[PDB]
Every structure is written in structure tokens, then in C-alpha cells.
Amino acid sequence: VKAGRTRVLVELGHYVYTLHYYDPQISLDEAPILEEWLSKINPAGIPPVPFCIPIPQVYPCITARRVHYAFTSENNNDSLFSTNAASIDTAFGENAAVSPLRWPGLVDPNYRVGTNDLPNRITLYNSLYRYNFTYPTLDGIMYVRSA
Amino acid sequence: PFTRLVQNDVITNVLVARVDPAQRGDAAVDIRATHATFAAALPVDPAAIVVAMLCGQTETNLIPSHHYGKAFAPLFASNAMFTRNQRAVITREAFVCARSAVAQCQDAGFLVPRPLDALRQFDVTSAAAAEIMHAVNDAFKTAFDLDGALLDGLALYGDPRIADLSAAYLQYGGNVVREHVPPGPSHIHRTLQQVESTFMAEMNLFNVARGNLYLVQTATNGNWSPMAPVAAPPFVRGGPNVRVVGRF
Amino acid sequence: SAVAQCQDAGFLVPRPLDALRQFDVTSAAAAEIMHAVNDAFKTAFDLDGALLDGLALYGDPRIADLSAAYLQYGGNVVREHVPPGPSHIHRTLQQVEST
Amino acid sequence: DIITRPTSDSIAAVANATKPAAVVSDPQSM
Amino acid sequence: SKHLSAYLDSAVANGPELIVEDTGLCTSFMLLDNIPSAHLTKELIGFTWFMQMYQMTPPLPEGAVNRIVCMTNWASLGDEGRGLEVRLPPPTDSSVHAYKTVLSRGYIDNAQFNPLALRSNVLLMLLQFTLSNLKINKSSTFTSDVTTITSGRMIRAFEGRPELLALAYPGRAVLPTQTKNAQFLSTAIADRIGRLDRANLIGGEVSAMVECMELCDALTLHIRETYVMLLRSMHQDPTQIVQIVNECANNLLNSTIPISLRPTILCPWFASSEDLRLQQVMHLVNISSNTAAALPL
Amino acid sequence: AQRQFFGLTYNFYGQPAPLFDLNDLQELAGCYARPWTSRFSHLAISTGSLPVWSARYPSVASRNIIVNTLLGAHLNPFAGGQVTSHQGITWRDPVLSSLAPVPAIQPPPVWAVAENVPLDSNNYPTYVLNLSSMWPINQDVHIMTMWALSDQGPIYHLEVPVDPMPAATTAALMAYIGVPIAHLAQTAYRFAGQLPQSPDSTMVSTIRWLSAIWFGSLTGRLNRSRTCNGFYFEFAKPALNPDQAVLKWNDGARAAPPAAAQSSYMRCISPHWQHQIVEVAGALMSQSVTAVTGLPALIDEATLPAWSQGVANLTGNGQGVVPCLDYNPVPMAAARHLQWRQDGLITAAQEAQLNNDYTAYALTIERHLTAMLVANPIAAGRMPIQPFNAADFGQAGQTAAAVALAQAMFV
Amino acid sequence: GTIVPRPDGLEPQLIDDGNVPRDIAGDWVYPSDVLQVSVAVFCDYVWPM
């Protein structure tokens, strides 16, 4: 595999992943991380899958050609919120902006109170009720004395 | 029921079951072989009874309604009777959830929705079920701050996979009653189903992914997003010249 | 009159100061207005004891016209309004606002 | 003297919670 | 004597803890700055801007990379929690300990997870998630803001927790210098904030029930609304209560109730016969079935 | 109590079999639990808190509709006196406690499929002999029937006596002040559901009044200006979400009792009800009263679907027949707003605005539902939402008569 | 009162109420509100101009 003569598809329906960000301006090889990962696989169990992602940059930079091995077969990138939030714009790295879909009740002109898409997506800004229940004791309900 | 001198109606056993006899091959077996029976007796002395019968007397001009009015007054001053109601509700919710949890780990069971069925679950031995049931039972105890025995005793026979409640009594004439005690409609159980349905879509928020994993040498120099590949996956299973390793 | 002129939907009063900017007063906001007027009067006329406090301390200060009533079991309602008599300070105050 | 009274704490809390600095030192200011 | 004392007095408390109230935010997911943004002071000046230099707490994370992670009750101001939580670390860490509830203890290594028992552990974790979220969305004092960024509606001032106030209403942000956060927040609709409606029953009293919109995810909201729905299910009117008590005493000791407004009472004190039957059977199963067990009874 | 009931199963909209899949049954009545009081276990205070907007069961009424269809496949004992099986599932016991897959040794006979089956309690003697435990069946069967009898909205009954409210009901209502309608509906359902009760019970009269008050306020006759013994309902602003109502008590003028006892049957004539919580709760609450007390009289056949013509013990056209009225929410809202202006609660300018807001709101409900139907064509074998045509949203129905009734009901 | 700094030597811009950046130079109308919330920037990019 490291020689570029073989390609491997590891089949596993679901798993726990782990990320490890890196600067895209310096040399890097992902092999040691994977080799370490392999060094902990037993018949009993396995450690979480690792991944490496370059930190997005705010200026056009010179990137060192580095080698990667691992990547997924689907789009498992839903937990990502935004990149370079405190910056004017993301120049080089992947450019994720705040997706309006999770905030319909904050930016959608056609939003109606009392709607959602709960079984499919989670919205973070909604409308809700609040209460002020009191909890009277039994004697607070009735004339408790002899009858 | 109090039977009286009816030989065929004499009740010989009162019995309870912790397990559905339908699951195991006990559909048409003697009730005594399928339900556990009670056993208790109190030896009373006839002499004391006779004296009580013949030496009963009361106040000269007793008014029962008045006397009981005073007597029962302190017994209905607090929420004592209601705590048992609250415990019963929690017991109901705990029981349903525990059954739901165990069933979803088996391949099939008490017909219950299985939204998470795509995930893997290899061990289905009764030991796993017992461990799961204890986990659920302890979780409820912590959440609602209970101390007594909740949902326990079900695992007495050591196989929660077929736990079910029923009671019956047996008459000498061979008559049986065999009442069933199914749980009522819970609330939490439905919510938990909704949660699992939601999770199967938003699993990435729990550091859990889905799909296969590829390993290809790639000497990229620009942007690289492993979690969101833009190109189609190479050599999907069953493609040309792709080989599947042996099982050893 | 003062509270009515700060909530721009309230009890009907001449409104010479509507040209001035003002956020519409909620129930809590009006209470502060009610208190200040109360204190100003008690200071001006040197009065001890409650004069107008109940309007600020309890209920909604956004009053329109006080009324008291009692309910009979037969469903009949007997209501007695108490519209105030001719005030004098209110007139000159409105004049002061206008000028 | 002229009459004043403090506002309710809740009013003050919100007001104080939102007070951006009037003068901020940044290197690019003409 | 223990059993006899137990069987004779029912006033031993030990009732399930039903009433738990939250005054914080009905959310279970926290926006998280995972990778901090770099501070530039020699070259590339002005490419990034922090709300810190304006003495303001940003309503959104402003790191280089931001993540959504599950953390139960992370904003739960108010009453003490149920006592069990779910707190995933950011994906730059292991986050495996959250999946070792069962079938893991003596079997897998500390730094692994059991791939063959994934379904069960996931299910249990979700169960814990559900139980931890069983609270009541309690109201709190509202107020209007006399500041310039007012929308005309009253908002929920989190006295003593100002950071909550900043987080609760992203619409109230102050935006200089058009950052990626600003490019999103600048589209916020003006009045989608604060109290929307209320049930004002008694003059000068606190509103019995209020409806508002704020930072709140749907899933937790669905859970808690079901929880109160359950509580309502075990409640009856005082007329029912007094009738029940009178019947229990065989119509002796016939008490009654006053007649007046009782705005917001709640007496979760009842259940169904099926639950009673279920508990009765379960209780019998728990105890031993010999003559030494029924004797105290 | 009440030792007898009558019922009618659902209608197949041209399809050959009852419309529900195994998953529907498995989710909505599974776990071997009792299905007999579950109707409110999947409802809440408002739509915003519910997963009614997408996926399976994408409507407020969706779940209860499927439940009714599900029951139609297993109520054979009240039609033929025998428990049966359908697609391998049957009752666990003669008491009909719960469902389970059929046993392998002695399966019961397979049910022969049919639609609009009339039902009698007398066909299954064990029910009466076990009335104390089989009581919950009574309520649900009644509810299913009251829905099955009509297209569009379900049918429910209204009545107002010539007497004032008894003190007991007054005290009970005074404790339900700030409660939203949905919670109130649950208690009514919970009350009549779990154990037999006599019609001469305080709660029965209590709920009866609630249905009356709800309708009177719905028509706008009962307001802050004019109230029934001090009570009335308050509706949310159409500008945000008008699908909400709460109870209120007030010192306003009290309406006089009618010259003679008034009563009628009601239903919503337009598909909006399928996704409008106030309609669902109001119907269920009202139906609960009839469940415990039985039907006061036969329902008029004159304005009912074809299968509802002349159903024994349920519908009729003779002398002893109560008419059934119907309405469309949009015209109803306009009438309610107009009454408010005439009472002086609002100005003319406000009334025009309210009509615009409510019409805009209703349009969204229609647009959602019509899009949802094509997403779930009934030919797929399960009916999450009742079919309809586009013109059905425009029917005015008998709305004019409806407000006229309230006019006479609260003089 | 957001301003929009730009790279590559382009001098900054200001957000028109039509949500389109415009050049600082020229004529402008400030409602009191926007000034009260953006004085910090105004003191550094508009006032000098």
C-alpha cells in the first residue's frame, strides 16, 4: 500500500472516528499514525479511526506536497459548523459557512411558528413554552380537619 | 374466591410466572410446571378463637358511625397513599423501556420497532441481556432517585430475553384462570424511539460515522477533505478485478 | 395622563408630546412612571401614608377608568364606575406640554 | 433637589450587558 | 421490627423525584471552538477580528474550526440535575468511554471500543441522554431592553449569568468588520426574539404560562414537552381528589373543597389500575414466597 | 355504567385491504403492551414540539387515523363473535388485552376482509361478563366509529341544558384556568378511558360544558365581553400561530341560558382539521362524553358520505333524528372576528388585518397537506392522511347555520 | 455599521442599507441607532474621512 501498488477497502458499517489537524505549510506523512493505529487492533476490539485535516488558512499560502492514505466513502461531515469564523474569508482551506438550514426560525422569511424537521434534521433556534406550576400539598387542596 | 364445600372448585395452587411459556416450548404443559406457586400457612389455636367468639362485648350505647369517625381521622392526613401510585408509574415506564432495550439487541422479539437495526450486535446470549437489563434498571434508579428493589427479580431465572408476567390459580376440578398482566401505554418508550430515529440521521454529532474506509496512497498538494470526498469511491465491492480476502 | 402618553395605544388623552421618541412602556415600565408621579405629589403636598401606591405595586399600572363591581349568583353583574370630576392641574399641565 | 430613582435590577443588568467600547486601538485607523 | 415498621407506616418518603425544573436553555448541543484562530500582529494584519477587543462576548464560536457536539445540560441554570449526563469530547479526542457501558469492562483495552457490541452501547447512551433531559421548562422573569438594539419585545434576562444572555439571543449581536460570522448574523430577522405570548390570569401576578423563542434545539424540546405531557396525565381536579378521599373512607369523614380560582396547581398523584396491577405483581415477584415472608404482611 | 355500544369500521377508499403496514402496527401498538389508551401518548401542547412535519405520520391526525384503520382489522368479535387473525397477528386472549403473532399449534381462523362493518357489543358475550376490565375498549371503538362515519373532519356532539352550571363543575373549572386545550383533552380521554363510570357523574357534566364553551368561543359568541358563567376560551394570535387555545375566567357579562335545551352534531367540512391541533383535541374531548353516555339520538344522514347512509343504531332520517352541522375554519374565523368588532373588542381596521393573517396561515396548512398527499399516495398500501381534492379547501359548508346555533345556544 | 476591509490594497467600504458595500467617500445619512452601536468603527474609518 505504501508503495502505491495496492488499494484496500476495509468494510465496517459504523465506527468511532478521531481527527488530527495539521498545518498545510510543512511536510507531513500520515503513515506513522496509521501504523500506530494498526498496532492496537486485537481480536477483542479496535481503536477509533484516525483522520488528518489541514487547518484552513486566511491567505493564499504555499503548501508542501504531503501524502495521505485514509478517507471515507460517504459524507460524514455533518458535525462541522464553520471555519475561520472570526475572519473576512477563508482563502486556501475548505470554506464552510454557517448553513442557514439549521436556523430556519432566525433567518428564513417564510418561517412559521410551530414547525420543524425533527426526524431528519435538528434546528437550534425555535419557539417553546415555559410554565409556572405550583405544587400544593394535600391539605392545601381541601379542609383537612375532621369531617 | 372463597369456595365452600365444592370439591371440584377447591383451589390447590396460586401461581405466578416470570417468563412467557410461549417462547420456550411450554404451550400445553401443566400450569404447575410453568408458574411458581406460593406456600404459607399460619397455625391458629382453636381455644383462643372460641373465647373471642363468646366473649365479645362493646360499649352500652355505641354509635358505630361516630366511633369510626374518630378512629379513622388521623389516617387520611397526608400524601402517603399517593407515593405508591407514583412508584407504580415509574415501574411501568422502567419495565417497558427495559423490554424494549433487550428486544432491540436480539435479532427479533416482542414485536417492537428496530430503528437501530443497521448497527452491529453479535453477542445475543442471555448473559448480555442480563447485563443490559441491569444497566437499564440502574439508570432508572439513578434518574428518579429510587432505593428499593425496582424491576429486580425478573432476572431470577437468569434469562430476561423472555421475561413476561402472568398469574393464575388452579382448581381441583382442573379449571384454570390464567390472567395476563400486559403493561400499559408508556410515554418514555415512544420518545426513545423518536430519539433513535433522529440519531440514525445525526450520528455525526456523536463522533460516529458510517460507511466503509479506504486506504490509497495519495500525494496531494492542495485541499484535502477525507470526511467529504468529492469523487466517486474507487473499486466498489463487486467491481472488476476486485478481490475479497478469505475468511481466515 | 402621564402613563397614557407613554404607551402609544392607551387611554385617550391629548398628546402634545408625541413628536418625542419613546419606546412603548410595558407593565413594569409604567410602574416606574407611576411611582415617580406618586412621589412628586407626596413631596409637593407633604403627605404621609399611601396615596397612589397600590396602582404601582400591584396589578397593571396602565389604567383607563377605575370601576368596582360585585357578582350575584343569579348571573347579574352590578358595576359602578367612578369617573373623576373636573381636574385643574391636568388642564394646566397639558398647556405646559403644548407650549 | 430633583427626584430620581434607580431602575429595576433586571433593566440595569440587560443595559450593562451591552456596552461596546467607544474607542478601540487598531493599527489601521487612517 | 424493620419489616413491621415498614409495613405499618407509609410516610417513609422514598417517592420518585418527579419535579425537576430548569431555568437555563433547553438545549443539549454546544457550539464548540475546536481549533483556535491565530493572532497576527506583524503580517496579515486585519484578516481576523476578535470580539474581545470590543469587550463583547461573541454569540458564536470564532475559532479556526468549529464543531457541534452533544453535551447534556451544559446550559442548565437552576435546579440540580438528574445526576447522570452525556458529555462527548470534541472529535479531536478519543470519545470512546461514552460507549463502554456494557460488554467492555474486562474485555477490551482502555483505548479501544467493541465493534461487535456497538448497537447496545449506542442504545444505552441514548437512553441516558433521554433520562438526563427529563426536566420542566420553567418560566423566568422577562423584561424589555432600553438599549438601542431593542426589537420592541421583552427578553429573558439571565441575571447572574450574563454569558447565557449573550448566547441566548444571537440576534442582539453587535457587528463590526463583516467577518464570516457577521455575514451570517447580518441576515437575522429583527423581532424573532423574546416573549411571544403569555397567559395573564391574575392582575399583577406572574404569568401562568408563557411562549417565547430563543436558542433551543428541537430534540430536547420534544423530550421535555413529552415529560410534562406525562405529568399532566397523572393529575386530576380537586373535586376528583376530595371525592376519591371520601370514597376511600367509605363516605365517612366527608370533607369538601373551597371554591375559588386555583390558577396553576398540579398534583401528580394518580395512575391506572393496570399500573397498580403491574406494580402489585412485580412486588410479589421481588419478595420470597415462603411463610416467613407473608407473616409480617 | 353503560353495558352496550355500537360501532362501524372504516371505509377502504377503493383499495382492497386495510391501509397499514407491519411497521405501523409494530410501532403504534407493539411491545405486547395494551393499545387501549394510547391516543394521547403521542400528542403534546403544540405542533412545534412534535415530529408531525415530515417522514411517516406527517400530520397531526396521522397517527390516530392509522390506529382507527388498524382496529378495523381486529374488531371481528363484535361483528362475528369470534377472534380471528390477520396477516399472522391476533389477540393474546379472549379479553383482547394485547396483540401478538399467531401460535403455531392452534391458529385462530383467518379474518375475511371487509369494510364498513357494523359492530354490536352483544355479539361477544364475554365482554359484558368482563366489563370491569374490558371497559377501555368502549371508548376507543366509539372514537373510531365517530371518525369512520365522516369524510374530512370527525363528528362530535354538542348540547347545552336550560339549567345553570352545578357548583361542582364550577370548582373543577376554576382549577383548569391556565390550561391549554390539549392538556384538557387528555384528562377527558384519560377519565372515561380506564374504568366504567355512570353518566350521572360530575366529570361527565364537566366535560359536557367544556365542549359547549369551546364551541361558543370558537364561533366568537363567547368573549371577554360575554361569557358563560365567567368562563370562555382565548385563541392565539393568527400572526404567529392561531392553532392554540386556553381556558379563561373573567368578570365580564354572563350570557343567559337558552329558552330551550339545544343540541346538535358537528364536524369540520374541510381538510384543514387533519393538521390543526385545536380541531383534533376538541373533537376527541367532545367524543369522550358521548363514549360514556352513548349517543343521545341518531345522526341525520342528509349530509354524510355514501357508506354512512342508514347505518343501524347510528344514522337515521326519521323523526327522532338530530341534525349535524359543519363548518370551514376560514369562514368561521371571519365570523369570529366580526363578532369581536360588534362586541367592540377590536376596530374595523384590526378585523381586516386578522382576516388576512388567518387566511395566510390557513394557506400554509393547505399547501403543506396537499404536498404531503402526493408524497404518500394511498395506493402505497397505508393511509397516513385522509384523501381529499383541491376544491375541498374552499367549501363553506353550513358555517352560517353553525354560528346561528351558537347565537341561539348562548343568548 | 459594518465596514468591509478588502485585501490587495483596495481601500475599505461601508454597508449600504440595501446590503451592498459602497465607497466611504461621498454623502451619507446615519440614523441615530446605527451610530450608537457602531461608534467604535465610525471613529476610525468614517470620522477621519
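Protein chains in written order, with the authors' numbering: chain A, 1067 to 1213; chain B, 770 to 1017; chain C, 869 to 967; chain D, 77 to 106; chain E, 176 to 472; chain F, 2 to 412; chain G, 1018 to 1066.
Built from N, CA and C at the ideal position, the CB exists for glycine as well.
Cutoff 8 Å: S869/B Cβ touching any chain F Cβ: By this cut-off, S869/B is an interface position.
Alpha carbon of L248/F to alpha carbon of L193/E, nearest angstrom: 26 Å
Proximity test, Cβ basis, 8 Å: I78/D and chain C: no
Supposed close pair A805/B, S464/E - CB separation, criterion 8 Å: 7 Å
Top-ranked residue by Cα proximity to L259/E, from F225/E, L299/E, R294/E and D320/E: Closest option to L259/E, Cα to Cα, is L299/E.
Residues bridged to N357/F [DSSP beta-bridge criterion]: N357/F pairs with nothing; no bridge assigned.
Alpha-carbon spacing of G335/E relative to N848/B, whole angstroms: 37 Å
Of the listed residues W444/E, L396/E and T316/E, nearest to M384/E (C-alpha basis): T316/E
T146/F, buried or exposed, once every other Cβ within 10 Å from all chains shown has been counted against 16: Counting every other CB atom within 10 Å of its CB across the protein chains shown gives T146/F a total of 16 or more, marking it as buried.
Simplified DSSP state of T322/E, which is helix, strand or coil: coil
Stretch-stretch touch, CB-based, cutoff 8 Å, three pairs: the segment 1157-1177 of chain A with the segment 1025-1037 of chain G: no
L888/B to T860/B span [Cα, whole Å]: 29 Å
Those residues which DSSP pairs with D301/F across a bridge: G317/F
Cut-off 6 Å between Cβ atoms - residues of its own chain near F909/B, not counting five sequence neighbours on either side: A863
Cutoff 6 Å; reference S314/E; Cβ partners in own chain excluding five residues on either side: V385
Ordered list of alpha helix (DSSP H) runs contained in the segment 340-426 of chain E, each at least 4 residues: 355-360, 393-408 and 413-423
Beta-carbon proximity list for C866/B, same chain, < 8 Å, skipping 5 on both sides: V905, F909, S955, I957, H958 and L961
Outcome for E1140/A when other beta-carbon atoms lying within 10 angstroms are tallied against a minimum of 16: exposed
Contacting positions in the segment 235-260 of chain F - beta carbon closer than 9 Å to chain C: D252, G253, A254, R255, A256, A257 and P258
Through-space distance from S55/F to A872/B, alpha-carbon basis: 27 Å
At least three beta-carbon pairs within less than 8 Å, the segment 269-285 of chain F to the segment 125-138 of chain F: no
Cross-chain neighbours of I1020/G in chain E, by beta carbon under 9 Å: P351, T352 and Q353
C-beta neighbour in chain E for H958/B, strict 8 Å: no
Minimum Cβ-Cβ distance from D1205/A to chain F less than 8 Å: no
Residue burial classification, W1064/G (beta-carbon count within 10 angstroms, cutoff 16): exposed
When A183/F, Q288/F, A397/F and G382/F are compared against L23/F, the one with the closest alpha-carbon: Looking at the Cα atoms, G382/F is the closest of the given residues.
Under the three-state DSSP convention, the category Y266/F falls into: The three-state secondary structure of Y266/F, taken from DSSP, is strand.
Neighbour flag for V1054/G against chain E, beta carbons, 8 Å: yes
The segment 84-91 of chain F in contact with the segment 991-1010 of chain B per 3-pair CB rule at 8 Å: no
Inter-residue spacing [alpha-carbon to alpha-carbon] between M333/F and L355/F: 12 Å
Nearest residue (CA-CA) to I800/B, options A877/B, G943/B and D933/B: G943/B
Of the residues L406/F, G398/F, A2/F and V412/F, the one placed nearest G194/F, counting alpha carbons only: Checking every option, the nearest Cα to that of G194/F belongs to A2/F.
Any 3 or more C-beta pairs closer than 8 Å across the segment 782-799 of chain B and the segment 430-440 of chain E: no
With 16 other Cβ atoms within 10 Å as the buried cut-off, status of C201/E: buried
Contact the segment 770-780 of chain B vs the segment 936-951 of chain B: 3+ CB pairs below 8 Å: Verdict: yes, contact present.
Counted within 10 angstroms of its Cβ, other Cβ atoms place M388/E as buried (16 or more) or exposed: Here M388/E is buried, its C-beta having at least 16 other C-beta atoms within 10 Å.
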